Amino acid sequence: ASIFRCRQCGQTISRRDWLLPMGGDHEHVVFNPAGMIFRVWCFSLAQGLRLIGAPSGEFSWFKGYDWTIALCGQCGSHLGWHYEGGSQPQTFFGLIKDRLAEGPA
Ligand SMILES: O=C1CC[C@H](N2C(=O)c3ccccc3C2=O)C(=O)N1
Ligand SMILES: [Zn+2]
């Protein structure tokens, strides 16, 4: 139980070791404007994604941060968001926990 892969395809995405307490917890439960609930795990680092477009501050769940959609770079599944433009840290990834699979390295 050390690496996180895309649930839909198996692409390598992140690692347990890279979880990031933001505001004291790596886990944040949030809703978007369409009411969808997301159980977001914050990671300092991730790979295997494709970050789409340019950042936006609109509706940001994390104060001082702008976001880009993060798709699985292999299959296109929406795995979460990349956050930037903030402070301590400047950047991080917020990934949707139930869209990843955890397993051995
Ligand atoms: O921090 C974030 C990331 C993006 C997220 N978001 C969405 O999930 C979404 C769906 C549809 C229209 C607009 C949005 C939006 O801003 C959101 O609500 N906040
Ligand atoms: Zn995938």
# chains A, B, ... in the order shown; residues from 1 in each chain; ligands from 1
>>> closest_atom_pairs(of="chain A", to="ligand 2", cutoff="12 Å", atoms="only C-alpha atoms and all ligand atoms", output="CSV")
residue,atom,partner,partner_atom_place_in_ligand_line,distance
A:4,CA,ligand 2,1 (Zn),11.3
A:5,CA,ligand 2,1 (Zn),7.8
A:6,CA,ligand 2,1 (Zn),4.5
A:7,CA,ligand 2,1 (Zn),6.4
A:8,CA,ligand 2,1 (Zn),4.9
A:9,CA,ligand 2,1 (Zn),4.2
A:10,CA,ligand 2,1 (Zn),6.0
A:11,CA,ligand 2,1 (Zn),5.4
A:12,CA,ligand 2,1 (Zn),8.6
A:13,CA,ligand 2,1 (Zn),8.9
A:47,CA,ligand 2,1 (Zn),11.7
A:48,CA,ligand 2,1 (Zn),8.7
A:49,CA,ligand 2,1 (Zn),8.6
A:50,CA,ligand 2,1 (Zn),10.6
A:70,CA,ligand 2,1 (Zn),11.1
A:71,CA,ligand 2,1 (Zn),7.9
A:72,CA,ligand 2,1 (Zn),4.6
A:73,CA,ligand 2,1 (Zn),6.7
A:74,CA,ligand 2,1 (Zn),5.2
A:75,CA,ligand 2,1 (Zn),4.1
A:76,CA,ligand 2,1 (Zn),6.0
A:77,CA,ligand 2,1 (Zn),5.4
A:78,CA,ligand 2,1 (Zn),8.4
A:79,CA,ligand 2,1 (Zn),8.2
A:80,CA,ligand 2,1 (Zn),11.8
A:99,CA,ligand 2,1 (Zn),8.9
A:100,CA,ligand 2,1 (Zn),8.8
A:101,CA,ligand 2,1 (Zn),10.4
>>> write_last_selection(atoms="N, CA and C atoms", output="mmCIF file, in the first residue's frame")
data_model
loop_
_atom_site.group_PDB
_atom_site.id
_atom_site.type_symbol
_atom_site.label_atom_id
_atom_site.label_comp_id
_atom_site.auth_asym_id
_atom_site.auth_seq_id
_atom_site.Cartn_x
_atom_site.Cartn_y
_atom_site.Cartn_z
ATOM 1 N N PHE A 4 -0.123 4.925 -5.736
ATOM 2 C CA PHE A 4 -1.459 5.174 -6.226
ATOM 3 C C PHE A 4 -1.445 5.221 -7.733
ATOM 4 N N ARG A 5 -2.333 4.444 -8.363
ATOM 5 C CA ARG A 5 -2.522 4.338 -9.762
ATOM 6 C C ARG A 5 -3.914 4.852 -10.147
ATOM 7 N N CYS A 6 -4.116 5.222 -11.406
ATOM 8 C CA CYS A 6 -5.453 5.492 -11.942
ATOM 9 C C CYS A 6 -6.309 4.264 -11.841
ATOM 10 N N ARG A 7 -7.449 4.348 -11.173
ATOM 11 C CA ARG A 7 -8.374 3.262 -11.078
ATOM 12 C C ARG A 7 -8.874 2.702 -12.375
ATOM 13 N N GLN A 8 -8.981 3.560 -13.379
ATOM 14 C CA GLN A 8 -9.580 3.133 -14.661
ATOM 15 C C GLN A 8 -8.611 2.485 -15.557
ATOM 16 N N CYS A 9 -7.291 2.651 -15.427
ATOM 17 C CA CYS A 9 -6.325 2.161 -16.363
ATOM 18 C C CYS A 9 -5.039 1.625 -15.842
ATOM 19 N N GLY A 10 -4.624 2.029 -14.596
ATOM 20 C CA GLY A 10 -3.421 1.671 -14.057
ATOM 21 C C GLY A 10 -2.218 2.576 -14.162
ATOM 22 N N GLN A 11 -2.380 3.734 -14.827
ATOM 23 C CA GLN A 11 -1.327 4.689 -14.905
ATOM 24 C C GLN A 11 -0.735 5.020 -13.534
ATOM 25 N N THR A 12 0.605 5.078 -13.361
ATOM 26 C CA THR A 12 1.163 5.490 -12.076
ATOM 27 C C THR A 12 0.884 6.981 -11.877
ATOM 28 N N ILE A 13 0.370 7.341 -10.698
ATOM 29 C CA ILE A 13 -0.005 8.701 -10.387
ATOM 30 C C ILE A 13 0.704 9.280 -9.163
ATOM 31 N N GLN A 47 2.471 12.396 -10.835
ATOM 32 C CA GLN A 47 3.004 12.189 -12.165
ATOM 33 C C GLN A 47 1.930 11.530 -13.013
ATOM 34 N N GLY A 48 2.128 11.411 -14.304
ATOM 35 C CA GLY A 48 1.243 10.641 -15.126
ATOM 36 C C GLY A 48 -0.064 11.341 -15.438
ATOM 37 N N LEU A 49 -0.187 12.606 -15.111
ATOM 38 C CA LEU A 49 -1.359 13.383 -15.342
ATOM 39 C C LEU A 49 -1.162 14.213 -16.588
ATOM 40 N N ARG A 50 -2.226 14.787 -17.151
ATOM 41 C CA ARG A 50 -2.166 15.932 -18.072
ATOM 42 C C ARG A 50 -2.955 17.076 -17.564
ATOM 43 N N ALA A 70 -6.793 18.196 -13.711
ATOM 44 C CA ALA A 70 -5.795 17.157 -13.870
ATOM 45 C C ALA A 70 -6.491 15.869 -14.361
ATOM 46 N N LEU A 71 -6.229 15.504 -15.591
ATOM 47 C CA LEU A 71 -6.709 14.241 -16.143
ATOM 48 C C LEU A 71 -5.620 13.182 -15.994
ATOM 49 N N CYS A 72 -5.991 11.924 -15.880
ATOM 50 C CA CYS A 72 -5.067 10.820 -16.156
ATOM 51 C C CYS A 72 -4.500 11.074 -17.523
ATOM 52 N N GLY A 73 -3.144 11.104 -17.637
ATOM 53 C CA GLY A 73 -2.558 11.300 -18.888
ATOM 54 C C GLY A 73 -2.653 10.170 -19.878
ATOM 55 N N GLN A 74 -2.993 8.991 -19.400
ATOM 56 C CA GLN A 74 -3.156 7.789 -20.242
ATOM 57 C C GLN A 74 -4.628 7.742 -20.712
ATOM 58 N N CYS A 75 -5.594 7.650 -19.781
ATOM 59 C CA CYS A 75 -6.980 7.368 -20.194
ATOM 60 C C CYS A 75 -7.887 8.545 -20.150
ATOM 61 N N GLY A 76 -7.489 9.688 -19.629
ATOM 62 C CA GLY A 76 -8.377 10.848 -19.637
ATOM 63 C C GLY A 76 -9.337 10.929 -18.489
ATOM 64 N N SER A 77 -9.355 10.002 -17.560
ATOM 65 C CA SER A 77 -10.224 10.056 -16.376
ATOM 66 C C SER A 77 -9.906 11.346 -15.611
ATOM 67 N N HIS A 78 -10.920 12.028 -15.094
ATOM 68 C CA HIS A 78 -10.681 13.218 -14.308
ATOM 69 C C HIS A 78 -10.262 12.832 -12.925
ATOM 70 N N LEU A 79 -8.983 12.955 -12.587
ATOM 71 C CA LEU A 79 -8.424 12.535 -11.330
ATOM 72 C C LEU A 79 -8.368 13.601 -10.263
ATOM 73 N N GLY A 80 -8.448 14.881 -10.655
ATOM 74 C CA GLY A 80 -8.440 15.974 -9.712
ATOM 75 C C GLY A 80 -8.010 17.246 -10.307
ATOM 76 N N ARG A 99 -10.982 7.737 -7.187
ATOM 77 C CA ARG A 99 -10.597 7.535 -8.572
ATOM 78 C C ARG A 99 -9.172 6.962 -8.694
ATOM 79 N N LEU A 100 -8.554 6.608 -7.573
ATOM 80 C CA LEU A 100 -7.196 5.972 -7.520
ATOM 81 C C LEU A 100 -7.312 4.605 -6.928
ATOM 82 N N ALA A 101 -6.361 3.736 -7.245
ATOM 83 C CA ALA A 101 -6.173 2.445 -6.644
ATOM 84 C C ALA A 101 -4.818 2.372 -5.926
#
>>> closest_atom_pairs(of="chain A", to="ligand 1", cutoff="8 Å", atoms="only C-alpha atoms and all ligand atoms", output="CSV")
residue,atom,partner,partner_atom_place_in_ligand_line,distance
A:30,CA,ligand 1,18 (O),7.9
A:31,CA,ligand 1,18 (O),6.2
A:32,CA,ligand 1,18 (O),3.6
A:33,CA,ligand 1,18 (O),5.7
A:34,CA,ligand 1,11 (C),6.0
A:36,CA,ligand 1,8 (O),7.4
A:57,CA,ligand 1,1 (O),7.6
A:58,CA,ligand 1,16 (O),5.7
A:59,CA,ligand 1,19 (N),4.6
A:60,CA,ligand 1,1 (O),3.4
A:61,CA,ligand 1,1 (O),4.0
A:62,CA,ligand 1,1 (O),6.3
A:66,CA,ligand 1,1 (O),7.5
A:67,CA,ligand 1,3 (C),5.9
A:68,CA,ligand 1,3 (C),7.4
A:69,CA,ligand 1,4 (C),7.1
A:80,CA,ligand 1,3 (C),7.9
A:81,CA,ligand 1,3 (C),6.3
>>> residues_around(residues="residue A:28", least_positions_apart="5", cutoff="9 Å", atoms="only C-alpha atoms", output="JSON, numbers by chain")
{"A": [22, 38, 39, 40, 41, 42, 94]}
>>> write_last_selection(atoms="C-alpha atoms", output="PDB file, in the first residue's frame")
ATOM      1  CA  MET A  22      -2.965  21.055   4.028  1.00  0.00           C
ATOM      2  CA  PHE A  38     -15.350  15.111  -3.793  1.00  0.00           C
ATOM      3  CA  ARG A  39     -13.133  13.425  -1.137  1.00  0.00           C
ATOM      4  CA  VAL A  40      -9.856  15.163  -2.043  1.00  0.00           C
ATOM      5  CA  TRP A  41      -6.436  13.884  -0.923  1.00  0.00           C
ATOM      6  CA  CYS A  42      -3.717  16.479  -1.162  1.00  0.00           C
ATOM      7  CA  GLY A  94      -5.734  17.643  -5.042  1.00  0.00           C
TER       8      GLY A  94
END
>>> select_by_dssp(residues="stretch 9-92 of chain A", states="strand (DSSP E)", output="MDAnalysis selection string")
chainID A and resid 12:15 27:31 37:43 49:56 66:72 78:84 92
>>> select_by_dssp(residues="chain A", states="helix (DSSP H, G or I)", output="number ranges by chain")
A: 16-18, 97-99
>>> write_last_selection(atoms="N, CA and C atoms", output="compact mmCIF listing (two decimals), in the first residue's frame")
# COMPACT_ATOMS: atom_id res chain seq x y z
N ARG A 16 1.89 7.13 -1.40
CA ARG A 16 1.50 7.46 -0.04
C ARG A 16 2.43 8.46 0.66
N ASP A 17 3.71 8.27 0.41
CA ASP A 17 4.73 9.12 0.96
C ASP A 17 4.63 10.56 0.56
N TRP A 18 3.90 10.85 -0.47
CA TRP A 18 3.78 12.21 -0.98
C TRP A 18 2.48 12.91 -0.51
N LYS A 97 -9.96 10.74 -4.18
CA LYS A 97 -9.40 9.53 -3.59
C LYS A 97 -9.98 8.27 -4.26
N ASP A 98 -11.30 8.23 -4.53
CA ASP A 98 -12.00 7.06 -5.04
C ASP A 98 -11.73 6.87 -6.51
N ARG A 99 -10.98 7.74 -7.19
CA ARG A 99 -10.60 7.54 -8.57
C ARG A 99 -9.17 6.96 -8.69
>>> residues_around(residues="residue A:64", least_positions_apart="6", cutoff="9 Å", atoms="only C-alpha atoms", output="list in words")
residues 57, 84, 85, 86 and 87 of chain A
>>> residues_around(residues="stretch 89-91 of chain A", least_positions_apart="5", cutoff="8 Å", atoms="only C-alpha atoms", output="list in words")
residues 44, 65, 82, 83 and 84 of chain A
>>> atom_distance(atom1="atom CA of residue A:92", atom2="atom CA of residue A:24")
14.5 Å
>>> residues_around(residues="residue A:43", least_positions_apart="2", cutoff="6 Å", atoms="only C-alpha atoms", output="ChimeraX atom specification")
/A:18-20,45,93
>>> write_last_selection(atoms="N, CA, C and O atoms", output="compact mmCIF listing (two decimals), in the first residue's frame")
# COMPACT_ATOMS: atom_id res chain seq x y z
N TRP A 18 3.90 10.85 -0.47
CA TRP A 18 3.78 12.21 -0.98
C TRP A 18 2.48 12.91 -0.51
O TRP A 18 2.20 14.03 -0.90
N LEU A 19 1.71 12.26 0.37
CA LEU A 19 0.55 12.94 0.93
C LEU A 19 0.98 14.20 1.65
O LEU A 19 2.03 14.25 2.29
N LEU A 20 0.12 15.23 1.63
CA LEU A 20 0.44 16.54 2.10
C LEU A 20 -0.68 17.05 3.08
O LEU A 20 -1.81 17.26 2.60
N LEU A 45 3.15 15.96 -4.70
CA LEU A 45 3.70 15.55 -5.96
C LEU A 45 2.85 14.48 -6.61
O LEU A 45 2.22 13.70 -5.87
N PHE A 93 -1.14 19.01 -5.56
CA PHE A 93 -2.20 18.31 -6.29
C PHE A 93 -3.30 17.90 -5.32
O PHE A 93 -3.11 17.41 -4.24
>>> atom_distance(atom1="atom CA of residue A:3", atom2="atom CA of residue A:35")
29.8 Å
